[PDB]
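Chemist: A single structure is presented below for examination.
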Amino acid sequence: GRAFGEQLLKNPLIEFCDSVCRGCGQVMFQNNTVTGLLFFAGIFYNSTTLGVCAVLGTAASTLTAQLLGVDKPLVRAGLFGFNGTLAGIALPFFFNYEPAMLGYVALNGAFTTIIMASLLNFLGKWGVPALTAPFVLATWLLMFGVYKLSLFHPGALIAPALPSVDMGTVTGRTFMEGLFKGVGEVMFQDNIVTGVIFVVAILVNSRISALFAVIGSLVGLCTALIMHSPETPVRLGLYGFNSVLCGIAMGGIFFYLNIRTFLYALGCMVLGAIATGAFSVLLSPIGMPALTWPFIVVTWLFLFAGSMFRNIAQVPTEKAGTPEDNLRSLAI
Amino acid sequence: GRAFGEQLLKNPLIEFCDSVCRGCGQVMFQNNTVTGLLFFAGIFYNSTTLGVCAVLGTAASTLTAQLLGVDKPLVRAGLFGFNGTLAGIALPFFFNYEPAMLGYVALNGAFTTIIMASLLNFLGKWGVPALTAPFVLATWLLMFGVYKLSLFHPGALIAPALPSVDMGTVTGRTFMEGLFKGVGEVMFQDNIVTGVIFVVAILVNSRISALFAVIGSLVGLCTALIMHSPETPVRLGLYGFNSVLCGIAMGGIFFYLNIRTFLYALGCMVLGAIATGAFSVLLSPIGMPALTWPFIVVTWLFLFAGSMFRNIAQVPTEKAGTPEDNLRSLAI
Amino acid sequence: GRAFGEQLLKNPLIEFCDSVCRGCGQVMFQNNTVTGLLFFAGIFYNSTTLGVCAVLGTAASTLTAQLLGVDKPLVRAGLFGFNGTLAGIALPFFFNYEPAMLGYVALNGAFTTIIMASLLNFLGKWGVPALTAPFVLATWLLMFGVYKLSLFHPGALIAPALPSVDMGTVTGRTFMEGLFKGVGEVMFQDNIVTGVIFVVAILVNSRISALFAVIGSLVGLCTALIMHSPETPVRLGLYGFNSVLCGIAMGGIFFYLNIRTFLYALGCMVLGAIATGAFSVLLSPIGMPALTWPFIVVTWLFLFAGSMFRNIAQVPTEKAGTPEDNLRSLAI
Ligand SMILES: [Au+]
Ligand SMILES: [Au+]
Ligand SMILES: [Au+]
Ligand SMILES: [Au+]
Ligand SMILES: [Au+]
Ligand SMILES: [Au+]
Ligand SMILES: [Au+]
Ligand SMILES: [Au+]
Ligand SMILES: [Au+]
Ligand SMILES: [Au+]
Ligand SMILES: [Au+]
Ligand SMILES: [Au+]
Ligand SMILES: [Au+]
Ligand SMILES: [Au+]
Ligand SMILES: [Au+]
Ligand SMILES: [Au+]
Ligand SMILES: [Au+]
Ligand SMILES: [Au+]
Ligand SMILES: [Au+]
Ligand SMILES: [Au+]
Ligand SMILES: [Au+]
Ligand SMILES: [Au+]
Ligand SMILES: [Au+]
Ligand SMILES: [Au+]
Ligand SMILES: [Au+]
Ligand SMILES: [Au+]
Ligand SMILES: [Au+]
């Protein structure tokens, strides 16, 4: 809603950085520069090394899109940044440092941009978004081969084992830590304050999305408890973060918020937590993380199914903004 | 072909139950109330607990479709029941009882309805049916995570191991038991009589489909023997049931029955048995069943390939009825 | 460019054999009879048994296409041969001999033709080629089940293990052997001379494709070295062969060759080598080879992404010939 003359003040660098910050915001579907800026602040609050590498990943993917000539509106909306943000954080989260790390992060970010284009072309025929599939698929391709290609060394989170069947103790701590690390863990941030920062950041762009961030973390948490997860992963928000994404996407962004789409959102948040155990098990023989594949698979299923259900009012993806903006234009 | 005035006697409950029974019939592509009714009778004959849970699964998926507002013809044809029937049986077949079982069955049935809608939207662009993919994908998502989410405990069929290379003895028993449990095992019914009941049930709607049920079970059985499976899985019909589905689908339902489409059907039944060993191995490191993924993958490949082969006359999916009805309308 | 009267000399057998040889040529995207003939000569040079089985596989897939009535131009272009060529070689490469081998090769070749049709129907909606996906998917389905179906016995290359983290010594030999076996290994030919023969064969149809065959082998090799692969797989060309295919496909066939599409090709060749470690690890718990899945997945991603990138000029697939013919018709 800004004065059109402000366009005279633009230059490639500042346009690039605005694209980078919107890119970061889009990790949680928030097309907002200030939201991306506060996401970065939250990460930097936890780890300077992770923040630099988030920025580098978002920059590499955004630049690659511009180099290949993606349509300017797609780039300006940060749709070619968010997968690069995650691609940048995931690598130093899971693998030990080597000098090559920064080069591999740039590569991983560049690759997300290819796959983002692939999936917009593939999925666009049904009006379905790519979500974080570009980040997951690129990262898996760059991570899985580490046992055969030793440049990097995996961290202690990466331990191949056949799955098998202690339980810990649920406390108030499980809930307060689970809630906010569930949000933080969307960006691999094992930090309660970063998690609060993340909610505040979404709140700047959209209050409804901030609430669904909170709801999803909670529904993921207690679904995992009802399903008898040990407490440790729950407290750590490992069953919240896919459900956070599920909540934000289904909660008024890709569907017009009402009672019915709310209940539909809830089914998707519950199944996202259950799919988290499923995919963790699937990849355990090779020791690899499922990342946000749970959110992606379950949310894709609910998105594809939308147009078949008369009682569930989808938002056309090309139009889809904040939940509030969505309801404002429906009522016009 | 019923008197149009019979519509005055309808009420939501009886329409629902007719949808449930057609739903059960569609497990084997039979849109017939009496066929579904006799499928239920066959299951109840084997296990009252499995029959109640088949009914509950079909009911949960059907109701969920109606709640979300699926187009009435899709629901009335039982297309939103059959995956719910399987989702209901599979869970108590593979996992030990807990009070939560019935809730998890309802959830699994509700989820099949989402995925059914997803796949009708996705695959419909090529006129290709969803088959039992909704049941397999939902069930895998609810089953795989059991090692991490302990509410349920897996039965002794579920045992993670890396695959490796005794053989038993083929007898007349291998054949008579293999044949009818091959049919029974389409619905997880380790019972010869249930298997005979199932054939009779299909016979009510379509004789050609009843024959292809029998052929597929046999082709799966002897393919497995030619390929040197140990006898035990063969006798148990574990190499028949994907081939039963392959036979029924390819045998005059999705292709007009003639000599060429017959031979095409046979190739699909053989490869369905071979794909059964393939997918059993693929999932063995996590101890999980492939269910009807073998049938689904191989039958999808033959369905997608149909429109490229001039010598193989596909039935448009929107039209596709019994093999007999298919040939009757081709000749008009 | 041949005299139209030469058509009077045609008969089904000679048309079939021309289709078989073009089929073999298409293993490396070369629609050329002489190229296929010299590919066969290269294989026969290494192993008579592998050459007969390449021929039998190409013949089985081609005949099956003709039996099912594939559009004559598709068959005449060898598009229904190349996956059959690979399907024929892969089985005796990985599994020990049994009398049944030839029957299983014919079956595997017939199956590639189904999947080729499937994928032309599926992918054709985006103008994207099937590549060697028919060969990989058919072969996996026929190979994975070997632990459960003992007709064949796997060779010592097939050894299920959970992955885990010696290095050898890089020499001039690593490079000269790596380069040419990288080309040879596109067809499972552990032979330096066969590899040289293969380059010469491509050179007959297209010099640019021959260069990209060489470049891809090299980029795969040194990517693997930069990524700290042990030397043994590198010397053996196991990190070249997916990158060879990547290079040939991206190097002027599916994209008009220029500086930008060259750099795009390079990104695809690098990621093909990295995806080779990834997929080798993914299948290691079941002991199975990834074959050309690395090339297929990475090249599909770059192909699908092409139409989104204004700076990257795709060749419409229906038109796509040699790099030289591609530039000749662009300039008209
Ligand atoms: Au910025
Ligand atoms: Au800035
Ligand atoms: Au900025
Ligand atoms: Au900013
Ligand atoms: Au958005
Ligand atoms: Au960094
Ligand atoms: Au870093
Ligand atoms: Au709870
Ligand atoms: Au709760
Ligand atoms: Au009923
Ligand atoms: Au009833
Ligand atoms: Au009824
Ligand atoms: Au009934
Ligand atoms: Au039907
Ligand atoms: Au029950
Ligand atoms: Au039950
Ligand atoms: Au037999
Ligand atoms: Au037989
Ligand atoms: Au020939
Ligand atoms: Au010839
Ligand atoms: Au010839
Ligand atoms: Au020839
Ligand atoms: Au071609
Ligand atoms: Au041979
Ligand atoms: Au052979
Ligand atoms: Au190098
Ligand atoms: Au190099």
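In the structure tokens, chains take the letters A, B, ... in the order shown, each chain's residues start at 1, and ligands count up from 1 in the order shown.
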Using only C-alpha atoms, find which residues of chain C lie within 8 Å of chain A and jot them down as number ranges by chain.
Modeler: C: 126, 162-165, 224, 226-230, 274-282, 285, 301-312
Chemist: Show me which residues sit within 10 Å of ligand 9 when counting only C-alpha atoms and all ligand atoms, and put them as a ChimeraX atom specification.
Modeler: /A:175,218-226
Chemist: Residues of the last selection are to be written out with N, CA, C and O atoms, as a compact mmCIF listing (two decimals), in the first residue's frame.
Modeler:
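The new file again01.txt reads:
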# COMPACT_ATOMS: atom_id res chain seq x y z
N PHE A 175 5.22 -29.00 28.25
CA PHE A 175 4.26 -28.18 27.53
C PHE A 175 4.81 -26.83 27.11
O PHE A 175 4.63 -26.44 25.95
N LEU A 218 0.87 -27.13 19.64
CA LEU A 218 0.10 -27.82 20.67
C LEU A 218 -0.57 -29.14 20.21
O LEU A 218 -0.50 -30.14 20.92
N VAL A 219 -1.26 -29.11 19.08
CA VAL A 219 -1.91 -30.32 18.55
C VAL A 219 -0.87 -31.42 18.21
O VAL A 219 -1.12 -32.62 18.41
N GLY A 220 0.29 -31.01 17.71
CA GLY A 220 1.36 -31.95 17.42
C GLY A 220 1.88 -32.60 18.69
O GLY A 220 2.00 -33.84 18.77
N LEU A 221 2.14 -31.75 19.69
CA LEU A 221 2.57 -32.13 21.02
C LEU A 221 1.63 -33.16 21.69
O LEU A 221 2.09 -34.25 22.08
N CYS A 222 0.34 -32.83 21.80
CA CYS A 222 -0.59 -33.69 22.54
C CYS A 222 -1.00 -34.92 21.72
O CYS A 222 -1.27 -35.96 22.30
N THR A 223 -1.04 -34.81 20.38
CA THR A 223 -1.19 -36.01 19.52
C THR A 223 -0.08 -37.03 19.83
O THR A 223 -0.35 -38.21 20.04
N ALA A 224 1.16 -36.56 19.85
CA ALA A 224 2.31 -37.39 20.20
C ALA A 224 2.18 -38.01 21.60
O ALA A 224 2.51 -39.20 21.78
N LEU A 225 1.70 -37.22 22.57
CA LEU A 225 1.38 -37.73 23.91
C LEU A 225 0.26 -38.79 23.92
O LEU A 225 0.43 -39.85 24.49
N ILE A 226 -0.88 -38.51 23.28
CA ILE A 226 -1.96 -39.49 23.11
C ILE A 226 -1.42 -40.79 22.44
O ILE A 226 -1.80 -41.91 22.80
Chemist: Using DSSP on the backbone coordinates, identify all residues within stretch 20-77 of chain A classified as helix (DSSP H, G or I); present the result as a ChimeraX atom specification.
Modeler: /A:20-28,33-46,48-68,72-76
Chemist: When you draw a straight line from atom CA of residue C:207 to atom CA of residue C:89, how long is it in Å?
Modeler: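 If I compute the distance from atom CA of residue C:207 to atom CA of residue C:89, I get 26.3 Å.
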Chemist: Pick out the residues sitting within 8 Å of stretch 185-194 of chain B, and hand them over as a list in words; count only C-alpha atoms, and ignore anything fewer than 2 positions along from it in its own chain.
Modeler: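 Here the qualifying residues turn out to be residues 42, 43, 45, 46, 86, 89, 90, 93, 177, 180, 181, 182, 183, 196, 197, 198, 236, 237, 238, 240, 241, 242, 244 and 245 of chain B.
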Chemist: Please indicate the distance in Å from atom CA of residue A:128 to atom CA of residue A:200, rounded to one decimal place.
Modeler: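 It comes out at 27.9 Å.
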Chemist: Need to verify the contact set: residue C:32, 8 Å, only C-alpha atoms, exclusion of same-chain residues closer than 2 positions in sequence. Can you return it as a list in words?
Modeler: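 Contacts, in chain order: residues 21, 22, 25, 26, 30, 34, 35, 36 and 205 of chain C.
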Chemist: With only C-alpha atoms and all ligand atoms as the basis for distance, which of B:20, B:199, B:158, B:170 is at the shortest distance from ligand 13?
Modeler: B:20
Chemist: All residues within 8 Å of ligand 21 are required, counting only C-alpha atoms and all ligand atoms; please report them as a ChimeraX atom specification.
Modeler: /C:14-21,33
Chemist: Could you check which of A:243, A:31, A:58, A:232 is closest to residue A:171, using only C-alpha atoms?
Modeler: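 Smallest distance to residue A:171 is found for A:232.
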Chemist: With only C-alpha atoms and all ligand atoms counted, collect every polymer residue having an atom within 8 Å of ligand 6; state the result as a count of residues only.
Modeler: 10
Chemist: What does the distance between atom CA of residue A:174 and atom CA of residue A:195 come to in Å, to one decimal place?
Modeler: 14.6 Å
Chemist: Might you pull out every residue within 6 Å of stretch 314-320 of chain B, with only C-alpha atoms counted and same-chain residues fewer than 5 positions away left off, and present them as a PDB file with N, CA and C atoms, in the first residue's frame?
Modeler:
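Result file is out.pdb:
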ATOM      1  N   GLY B 127      -7.724 -39.958 -16.503  1.00  0.00           N
ATOM      2  CA  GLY B 127      -8.781 -41.003 -16.479  1.00  0.00           C
ATOM      3  C   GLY B 127      -8.354 -42.304 -15.773  1.00  0.00           C
ATOM      4  N   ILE B 253     -12.998 -54.885 -16.789  1.00  0.00           N
ATOM      5  CA  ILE B 253     -13.545 -53.680 -16.128  1.00  0.00           C
ATOM      6  C   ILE B 253     -12.966 -52.370 -16.716  1.00  0.00           C
ATOM      7  N   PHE B 254     -11.632 -52.268 -16.733  1.00  0.00           N
ATOM      8  CA  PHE B 254     -10.947 -51.084 -17.237  1.00  0.00           C
ATOM      9  C   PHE B 254     -10.471 -51.300 -18.650  1.00  0.00           C
ATOM     10  N   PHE B 255     -10.565 -52.535 -19.125  1.00  0.00           N
ATOM     11  CA  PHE B 255     -10.309 -52.845 -20.524  1.00  0.00           C
ATOM     12  C   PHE B 255     -11.428 -53.736 -21.042  1.00  0.00           C
TER      13      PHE B 255
END
Chemist: So, counting only C-alpha atoms and all ligand atoms, which residue among C:99, C:321, C:134, C:155 is closest to ligand 23?
Modeler: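 The closest residue to ligand 23 is C:321.
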